[PDB]
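Coordinate analysis (summary)
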Amino acid sequence: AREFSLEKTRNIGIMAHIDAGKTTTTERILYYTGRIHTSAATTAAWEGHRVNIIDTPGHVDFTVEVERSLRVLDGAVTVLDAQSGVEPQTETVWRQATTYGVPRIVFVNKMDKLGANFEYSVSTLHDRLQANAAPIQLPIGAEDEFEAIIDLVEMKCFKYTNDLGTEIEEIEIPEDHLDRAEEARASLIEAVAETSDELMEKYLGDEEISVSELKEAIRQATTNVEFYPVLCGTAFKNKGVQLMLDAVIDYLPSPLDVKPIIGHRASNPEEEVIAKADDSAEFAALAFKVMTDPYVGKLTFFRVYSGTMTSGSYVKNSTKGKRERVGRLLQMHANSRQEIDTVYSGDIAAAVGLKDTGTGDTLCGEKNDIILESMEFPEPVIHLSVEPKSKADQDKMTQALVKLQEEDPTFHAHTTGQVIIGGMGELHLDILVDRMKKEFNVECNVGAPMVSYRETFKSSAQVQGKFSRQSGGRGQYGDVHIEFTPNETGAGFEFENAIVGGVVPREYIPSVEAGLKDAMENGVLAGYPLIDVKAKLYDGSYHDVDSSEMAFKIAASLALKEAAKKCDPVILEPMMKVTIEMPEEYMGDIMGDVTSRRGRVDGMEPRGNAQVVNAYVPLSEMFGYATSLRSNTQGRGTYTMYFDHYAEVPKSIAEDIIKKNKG
Ligand SMILES: [Cl-]
Ligand SMILES: [K+]
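- In its metadata, the entry names X-ray crystallography as the structure determination method and reports 1.90 Å as the resolution.

- Looking at the PDB entry, one finds the protein chain named ELONGATION FACTOR G, with Staphylococcus aureus as its source organism.
- Comment text from UniProt for the protein chain, heading Subcellular location, reads "Cytoplasm".
- As recorded by UniProt, the Sequence similarities comment attached to the protein chain reads in full: "Belongs to the TRAFAC class translation factor GTPase superfamily. Classic translation factor GTPase family. EF-G/EF-2 subfamily."

In structure tokens, the structure reads:
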């Protein structure tokens, strides 16, 4: 039976600038929730509750990996430096968490350092973010005088007598602080009642609000992402850390308190599947980290959303379309490793030595096909060539690439030993290359990024392709007439067989189609794949011995070559959907920048004190976008970018592309 109920489970991340003390706060949480008074996830406990502490990345930019982490954790502790409150880095991350429906409590850390100011720090939540945040605590003293904390919910006071976290004394609220405490409690009830009609009716109706009534309302508002409790302390000198952990229990969600994860069936990507926490339901879990341990070998960390799985059983890796035997399962505690037999909905563990299961893969039952992570457009849009410095550097590169694919499912690599890497954007490529060079000690030269262009035809033509040769021992013969016509943008390749009366024998018709496919891949105008073209085979000739599958592949090739002279080919470029969220005062510079990159806007909508812009920008004009965005928003804006459609390149730009590719 499960040790801890669904209701008594807390999946949390810590969100903090390195300057706000993320690592000390993280060390203290691990100490207090451990047994004795770095892991992708630590299994821990507090007050009869399972607490799983999930590592969150330090990215200044929103990556596929940041998004994965928001989907694995359920709640977070946002840590601020008492001297400066919310900084730009803190703000971008906060806006991303709101989009993913993640409840937060705020911990104002460093209350003992020079310049500490609880009231100012709380005011930055209001001004920078328009967040409905209110103190549930008040500090007594600041800097070297920080000495006590008032719990405003219970109306009790806790005094600290040392820097170790022991011998805490409960005292009466000091006389000179009672008015200020009563005032803050009233402010706390008002901010919560803005989200609750029934509470507001009680408050205005001059009724008393019990402790249990107030906690319940705070929890409801918090787990609905309509309210943010604000707490205070100092992690390094152990004051307020135990009260912060009690607040994780009191106010942060169980796996049932947040929106369920959304996936689809492998057999039908348009059919939606909701995976809610339910031990009797079908199993579904998502892999989110892969570690290689010197003793146990490969560790794949996963979060279970629904159902249960037992060690020694077979599951489906639905992303690969392959079965996996789950041989052994580990939970990593602060001071020990623990082997377990079963993992339940809401739980996190690591599977030991999976053959073919990496980060971002879905596991489900053998009989089922739910997928929880994918991209609508999986293909790379930008590529880079990488040249190893030597044999030793070549060998290292081969190893690096295998390990990098386990960690990031969104890049592709093809390896003569020149390697071409394909990815989703300039930052993505830079992160991978950095990891190769620094972490796997590979010495290499890297080329300029190359956007993934395509070609298409703008007009139609009939052409003959005829192949007649005897080199060298006997003749090969193939003869086709084909009509080429442009297809709809996005509709792809379509081959039509209009041969009647066997003028081209049925056994060589698939060869005409396959020959056209292969030739189109090489492009006609600047070396990029030709797409969105229709081709109809309607006449030709043959001989009963001299014709061959091969002869007709070549005949079809010569026909495309003739058609490229007559069908007005053009270069197409990838157009990205660029979604920009920034404080509203930066509209002017954000929109001017979109215009300067040949982009356009289709809809912009307010969200809090922000605007959300739907823009379309050519990928070739997105180099340096994150830098300009950081500069135009004082570090406070964030964005995502995905492939959207192909568009024709302007005439003078295409001429540059052809001039350059001809050297
Ligand atoms: Cl405490
Ligand atoms: K767990």
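The structure having been displayed, the exposition proceeds.
**Comments concerning the overall build of the protein chain**
- Check the secondary structure of the protein chain and you find 15 helices and 38 strands.
- When its C-alpha atoms are laid out on the principal axes, the protein chain stretches across 105 × 60 × 55 Å.

**A few points about the pairing of strand β5 (residues 104-109)**
- Of all the six residues making up β5, six are buried; the element is thus mostly covered by neighbouring parts of the structure.
- As judged from the six bridges shared by strand β4 (residues 75-81) and β5, these two strands associate in the parallel manner. In the strand pairing of β5, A76 is matched with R104.
- Here β5 runs beside strand β11 (residues 228-232); their pairing, made up of three bridges, is parallel. Looking across to β11, one finds that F107 is bridged to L231.

**Quick notes on the packing of aromatic side chains**
- Summed over all chains, the structure comprises ten aromatic pairs.
- Centroid distance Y31 to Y32: 5.5 Å. Interplanar angle 85°. Geometry classified as edge-to-face.
- Accessibility expressed as a relative area gives 10% for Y32, which makes it buried.
- Seen in terms of ring centroids, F62 and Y100 are 6.1 Å apart; in terms of plane orientation they differ by 35°. Their pairing is tilted. Highlighted residues: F62 in the loop between β3 (49-54) and α2 (64-72) and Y100 in the loop between α3 (88-99) and β5, separated in sequence by 38 residues.
- Put simply, the rings of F377, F643 and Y646 touch in pairs and so form one group of aromatic residues.
- Lying over the aromatic face of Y31, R28 brings its terminal NZ or CZ to 4.4 Å of the ring centre.

**Notes on unusual backbone geometry**
- Omega for the peptide link from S471 to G472 comes to -5°, which places this bond in the cis form.
- As for its placement among the helices and strands, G472 is situated in the loop between β31 (461-469) and β32 (476-486).
- Backbone geometry at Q634 places phi at a positive 50°, although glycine is not the residue there.
- Assignment of secondary structure puts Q634 in the loop between α14 (625-632) and β38 (638-648).
- Accessibility expressed as a relative area gives 55% for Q634, which makes it exposed.

Parameters at a glance
Residues numbered from 1 in each chain as written, not as in the entry; some residues may be left out. Chains lettered and ligands numbered in written order. Heavy atoms only, no water. Residues with missing side-chain atoms left out of burial classes, pairs and counts. UniProt positions renumbered as here; feature names shortened; annotations may be inferred. Helix = DSSP H or I, 4+ residues; strand = E, 2+ residues; numbered from the N terminus. Buried < 20%, exposed > 50% of the residue type's maximum accessible area, 1.4 Å probe, protein only. Pairing = 2+ DSSP bridges. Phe/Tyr/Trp six-rings, centres within 6.5 Å; stacked < 30°, edge-to-face > 60°. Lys NZ or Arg CZ within 6 Å of the ring centre and 35° of its normal.

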